[PDB]
file final.pdb (PDB, C-alpha atoms)
ATOM      1  CA  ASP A  12       3.672  31.682  -8.262
ATOM      2  CA  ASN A  13       3.687  29.773  -4.971
ATOM      3  CA  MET A  14       2.021  27.311  -7.327
ATOM      4  CA  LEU A  15       5.189  25.445  -8.254
ATOM      5  CA  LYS A  16       5.904  25.195  -4.518
ATOM      6  CA  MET A  17       2.524  23.633  -3.671
ATOM      7  CA  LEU A  18       2.733  21.186  -6.570
ATOM      8  CA  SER A  19       6.256  20.314  -5.488
ATOM      9  CA  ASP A  20       4.936  19.325  -2.052
ATOM     10  CA  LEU A  21       1.937  17.323  -3.266
ATOM     11  CA  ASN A  22       4.278  15.579  -5.733
ATOM     12  CA  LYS A  23       6.831  14.585  -3.090
ATOM     13  CA  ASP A  24       4.125  13.271  -0.750
ATOM     14  CA  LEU A  25       2.321  11.311  -3.467
ATOM     15  CA  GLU A  26       5.718   9.982  -4.544
ATOM     16  CA  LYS A  27       6.572   8.893  -1.000
ATOM     17  CA  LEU A  28       3.312   6.928  -0.826
ATOM     18  CA  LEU A  29       3.823   5.336  -4.253
ATOM     19  CA  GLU A  30       7.405   4.437  -3.364
ATOM     20  CA  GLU A  31       6.336   2.869  -0.083
ATOM     21  CA  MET A  32       3.852   0.646  -1.910
ATOM     22  CA  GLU A  33       6.472  -0.156  -4.549
ATOM     23  CA  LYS A  34       8.793  -1.387  -1.802
ATOM     24  CA  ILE A  35       6.087  -3.545  -0.228
ATOM     25  CA  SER A  36       5.147  -4.997  -3.653
ATOM     26  CA  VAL A  37       8.660  -6.062  -4.541
ATOM     27  CA  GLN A  38       9.455  -7.392  -1.080
ATOM     28  CA  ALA A  39       6.210  -9.326  -0.711
ATOM     29  CA  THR A  40       6.710 -10.898  -4.137
ATOM     30  CA  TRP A  41      10.152 -12.196  -3.319
ATOM     31  CA  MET A  42       9.061 -13.499   0.112
ATOM     32  CA  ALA A  43       6.495 -15.628  -1.704
ATOM     33  CA  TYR A  44       8.707 -16.732  -4.567
ATOM     34  CA  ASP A  45      11.668 -17.483  -2.328
ATOM     35  CA  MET A  46       9.500 -19.724  -0.175
ATOM     36  CA  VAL A  47       8.120 -21.936  -2.939
ATOM     37  CA  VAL A  48      11.593 -22.558  -4.361
ATOM     38  CA  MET A  49      13.664 -22.704  -1.165
ATOM     39  CA  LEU A  55       6.760 -25.391   4.351
ATOM     40  CA  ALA A  56       3.017 -25.869   4.856
ATOM     41  CA  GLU A  57       3.113 -23.693   7.970
ATOM     42  CA  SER A  58       5.361 -20.960   6.582
ATOM     43  CA  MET A  59       3.172 -20.667   3.508
ATOM     44  CA  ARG A  60       0.123 -20.288   5.818
ATOM     45  CA  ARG A  61       1.779 -17.645   7.992
ATOM     46  CA  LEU A  62       2.952 -15.595   5.018
ATOM     47  CA  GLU A  63      -0.359 -15.772   3.183
ATOM     48  CA  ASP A  64      -2.324 -14.794   6.322
ATOM     49  CA  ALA A  65       0.127 -11.926   6.811
ATOM     50  CA  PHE A  66      -0.559 -10.821   3.221
ATOM     51  CA  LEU A  67      -4.330 -10.847   3.827
ATOM     52  CA  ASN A  68      -3.934  -8.999   7.123
ATOM     53  CA  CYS A  69      -1.800  -6.292   5.531
ATOM     54  CA  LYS A  70      -4.222  -5.953   2.611
ATOM     55  CA  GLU A  71      -7.140  -5.530   5.036
ATOM     56  CA  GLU A  72      -5.250  -2.922   7.086
ATOM     57  CA  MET A  73      -4.345  -0.989   3.937
ATOM     58  CA  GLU A  74      -7.994  -1.039   2.898
ATOM     59  CA  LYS A  75      -8.863   0.524   6.274
ATOM     60  CA  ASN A  76      -6.034   3.079   5.888
ATOM     61  CA  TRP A  77      -7.549   3.952   2.499
ATOM     62  CA  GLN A  78     -11.074   4.403   3.881
ATOM     63  CA  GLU A  79      -9.530   6.674   6.520
ATOM     64  CA  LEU A  80      -7.945   8.781   3.768
ATOM     65  CA  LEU A  81     -11.233   8.941   1.864
ATOM     66  CA  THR A  82     -12.799  10.311   5.044
ATOM     67  CA  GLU A  83     -10.056  12.892   5.750
ATOM     68  CA  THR A  84     -10.327  14.239   2.204
ATOM     69  CA  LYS A  85     -14.065  13.880   1.518
TER      70      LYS A  85
ATOM     71  CA  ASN B  13      -0.889 -31.223  -3.898
ATOM     72  CA  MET B  14       1.813 -28.550  -3.912
ATOM     73  CA  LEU B  15      -0.325 -26.944  -6.607
ATOM     74  CA  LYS B  16      -3.073 -26.195  -4.070
ATOM     75  CA  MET B  17      -0.777 -24.483  -1.543
ATOM     76  CA  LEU B  18       0.817 -22.394  -4.284
ATOM     77  CA  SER B  19      -2.645 -21.491  -5.534
ATOM     78  CA  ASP B  20      -3.523 -20.127  -2.088
ATOM     79  CA  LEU B  21      -0.309 -18.142  -1.681
ATOM     80  CA  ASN B  22      -0.654 -16.743  -5.227
ATOM     81  CA  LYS B  23      -4.228 -15.639  -4.577
ATOM     82  CA  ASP B  24      -3.351 -13.887  -1.312
ATOM     83  CA  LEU B  25      -0.253 -12.189  -2.724
ATOM     84  CA  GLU B  26      -2.383 -11.141  -5.693
ATOM     85  CA  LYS B  27      -5.041  -9.657  -3.421
ATOM     86  CA  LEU B  28      -2.369  -7.559  -1.684
ATOM     87  CA  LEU B  29      -0.790  -6.400  -4.944
ATOM     88  CA  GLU B  30      -4.224  -5.562  -6.384
ATOM     89  CA  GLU B  31      -5.137  -3.543  -3.301
ATOM     90  CA  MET B  32      -1.962  -1.478  -3.633
ATOM     91  CA  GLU B  33      -2.596  -1.052  -7.363
ATOM     92  CA  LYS B  34      -6.043   0.369  -6.613
ATOM     93  CA  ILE B  35      -4.625   2.768  -4.031
ATOM     94  CA  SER B  36      -1.828   3.831  -6.433
ATOM     95  CA  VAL B  37      -4.147   4.702  -9.300
ATOM     96  CA  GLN B  38      -6.742   6.401  -7.120
ATOM     97  CA  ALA B  39      -4.201   8.465  -5.187
ATOM     98  CA  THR B  40      -2.573   9.591  -8.451
ATOM     99  CA  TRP B  41      -5.831  10.836  -9.908
ATOM    100  CA  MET B  42      -6.857  12.556  -6.664
ATOM    101  CA  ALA B  43      -3.613  14.505  -6.931
ATOM    102  CA  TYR B  44      -3.802  15.273 -10.647
ATOM    103  CA  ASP B  45      -7.487  16.175 -10.616
ATOM    104  CA  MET B  46      -6.835  18.741  -7.890
ATOM    105  CA  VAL B  47      -4.057  20.613  -9.693
ATOM    106  CA  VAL B  48      -6.163  20.929 -12.839
ATOM    107  CA  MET B  49      -9.704  21.545 -11.569
ATOM    108  CA  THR B  54      -9.769  26.470  -1.614
ATOM    109  CA  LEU B  55      -6.830  24.934  -3.480
ATOM    110  CA  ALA B  56      -4.267  25.612  -0.732
ATOM    111  CA  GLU B  57      -6.231  23.807   1.983
ATOM    112  CA  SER B  58      -7.347  20.906  -0.197
ATOM    113  CA  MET B  59      -3.790  20.296  -1.358
ATOM    114  CA  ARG B  60      -2.604  20.324   2.288
ATOM    115  CA  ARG B  61      -5.311  17.903   3.395
ATOM    116  CA  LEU B  62      -4.537  15.502   0.565
ATOM    117  CA  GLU B  63      -0.753  15.527   0.879
ATOM    118  CA  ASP B  64      -0.925  15.001   4.647
ATOM    119  CA  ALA B  65      -3.463  12.195   4.089
ATOM    120  CA  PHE B  66      -0.890  10.632   1.728
ATOM    121  CA  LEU B  67       1.848  10.919   4.391
ATOM    122  CA  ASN B  68      -0.431   9.434   7.035
ATOM    123  CA  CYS B  69      -1.349   6.523   4.771
ATOM    124  CA  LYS B  70       2.308   5.896   3.882
ATOM    125  CA  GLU B  71       3.257   5.854   7.582
ATOM    126  CA  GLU B  72       0.435   3.446   8.462
ATOM    127  CA  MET B  73       1.464   1.120   5.644
ATOM    128  CA  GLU B  74       5.043   1.165   6.909
ATOM    129  CA  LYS B  75       3.754   0.104  10.344
ATOM    130  CA  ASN B  76       1.577  -2.590   8.725
ATOM    131  CA  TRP B  77       4.698  -3.761   6.900
ATOM    132  CA  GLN B  78       6.773  -3.969  10.103
ATOM    133  CA  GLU B  79       3.888  -5.938  11.607
ATOM    134  CA  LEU B  80       4.162  -8.443   8.731
ATOM    135  CA  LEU B  81       7.936  -8.686   9.089
ATOM    136  CA  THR B  82       7.316  -9.594  12.739
ATOM    137  CA  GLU B  83       4.559 -12.154  12.085
ATOM    138  CA  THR B  84       6.685 -13.873   9.431
ATOM    139  CA  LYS B  85       9.640 -13.847  11.834
TER     140      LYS B  85
END
call {"tool": "encode", "arguments": {"input": "final.pdb", "output": "structure tokens"}}
result
Amino acid sequence: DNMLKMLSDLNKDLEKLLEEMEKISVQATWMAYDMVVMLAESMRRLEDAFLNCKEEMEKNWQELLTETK
Amino acid sequence: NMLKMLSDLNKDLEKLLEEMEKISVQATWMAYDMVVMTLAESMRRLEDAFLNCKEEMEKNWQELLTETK
């Protein structure tokens, strides 16, 4: 049916979200690891940026929960 | 005292990775639970909520790239 078509679309969109988060994960990890091996201030800026991004994502997620409730 | 700074960066990176892990697992089950249990509309709402969330995260990520120079 048009079933395989609908699945296809939910799949691609879920995948795009998962891939976006995958990219952030890998990039954020190397920003941190590169810093500690390659200072006080840059560590502070990066770690505040991590917390800011995490808080924004948590708000994005509450927004999604609302759109789909 | 380098151990303390690392500890703080590790914790904050961890909090970001853990947030994305939670979103990943929850978004995956929202998708899979729908295709097994107004299907058309609910699928549309969810997949567009995924695209919206992915786009917001990409903007959050550009914000971080800017803050960290």
call {"tool": "resolve_selection", "arguments": {"input": "final.pdb", "expression": "the ChimeraX specification (/B :<9) & /A", "output": "NGL selection string"}}
result
:A and (17-18 or 20-25 or 27-33 or 35-36 or 39-40 or 43 or 47 or 56 or 58-74 or 76-77 or 79-81 or 83-84)
call {"tool": "atom_distance", "arguments": {"input": "final.pdb", "atom1": "CA of residue 16 (chain B)", "atom2": "CA of residue 38 (chain A)"}}
result
22.8 Å
call {"tool": "atom_distance", "arguments": {"input": "final.pdb", "atom1": "CA of residue 78 (chain A)", "atom2": "CA of residue 42 (chain A)"}}
result
27.2 Å
call {"tool": "atom_distance", "arguments": {"input": "final.pdb", "atom1": "CA of residue 85 (chain A)", "atom2": "CA of residue 14 (chain A)"}}
result
22.7 Å
call {"tool": "axis_aligned_box", "arguments": {"input": "final.pdb", "around": "region 57-64 of chain A", "padding_each_side": "4 Å", "output": "AutoDock Vina command-line options"}}
result
--center_x 1.5 --center_y -19.2 --center_z 5.6 --size_x 15.7 --size_y 16.9 --size_z 12.8
call {"tool": "build_atoms", "arguments": {"input": "final.pdb", "residues": "region 65-80 of chain A", "atoms": "N, CA, C and O atoms", "output": "compact mmCIF listing (two decimals), in the frame of the given file"}}
result
# COMPACT_ATOMS: atom_id res chain seq x y z
N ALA A 65 -0.51 -13.23 6.66
CA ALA A 65 0.13 -11.93 6.81
C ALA A 65 -0.18 -11.02 5.61
O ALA A 65 -0.41 -9.81 5.77
N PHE A 66 -0.18 -11.59 4.41
CA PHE A 66 -0.56 -10.82 3.22
C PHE A 66 -2.00 -10.33 3.34
O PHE A 66 -2.30 -9.19 3.02
N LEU A 67 -2.92 -11.21 3.73
CA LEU A 67 -4.33 -10.85 3.83
C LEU A 67 -4.57 -9.82 4.93
O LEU A 67 -5.39 -8.92 4.78
N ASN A 68 -3.83 -9.95 6.02
CA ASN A 68 -3.93 -9.00 7.12
C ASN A 68 -3.49 -7.61 6.67
O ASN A 68 -4.19 -6.62 6.88
N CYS A 69 -2.34 -7.55 6.02
CA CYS A 69 -1.80 -6.29 5.53
C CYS A 69 -2.72 -5.64 4.49
O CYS A 69 -2.91 -4.43 4.49
N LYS A 70 -3.28 -6.46 3.60
CA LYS A 70 -4.22 -5.95 2.61
C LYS A 70 -5.46 -5.36 3.28
O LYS A 70 -5.92 -4.30 2.89
N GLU A 71 -5.98 -6.04 4.30
CA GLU A 71 -7.14 -5.53 5.04
C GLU A 71 -6.84 -4.23 5.79
O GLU A 71 -7.66 -3.31 5.81
N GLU A 72 -5.67 -4.15 6.41
CA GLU A 72 -5.25 -2.92 7.09
C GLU A 72 -5.10 -1.75 6.11
O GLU A 72 -5.55 -0.62 6.38
N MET A 73 -4.50 -2.02 4.96
CA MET A 73 -4.34 -0.99 3.94
C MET A 73 -5.70 -0.51 3.47
O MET A 73 -5.89 0.68 3.23
N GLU A 74 -6.65 -1.43 3.32
CA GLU A 74 -7.99 -1.04 2.90
C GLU A 74 -8.66 -0.12 3.94
O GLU A 74 -9.37 0.82 3.58
N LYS A 75 -8.42 -0.39 5.21
CA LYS A 75 -8.86 0.52 6.27
C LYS A 75 -8.11 1.86 6.26
O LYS A 75 -8.72 2.91 6.44
N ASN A 76 -6.79 1.83 6.06
CA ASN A 76 -6.03 3.08 5.89
C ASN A 76 -6.64 3.93 4.76
O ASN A 76 -6.73 5.16 4.85
N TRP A 77 -7.04 3.26 3.68
CA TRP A 77 -7.55 3.95 2.50
C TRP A 77 -8.94 4.56 2.74
O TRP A 77 -9.24 5.66 2.27
N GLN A 78 -9.78 3.86 3.49
CA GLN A 78 -11.07 4.40 3.88
C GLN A 78 -10.89 5.60 4.81
O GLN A 78 -11.65 6.57 4.75
N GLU A 79 -9.86 5.55 5.65
CA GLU A 79 -9.53 6.67 6.52
C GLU A 79 -9.15 7.91 5.69
O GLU A 79 -9.61 9.03 5.97
N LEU A 80 -8.33 7.70 4.67
CA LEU A 80 -7.94 8.78 3.77
C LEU A 80 -9.16 9.37 3.05
O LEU A 80 -9.27 10.59 2.90
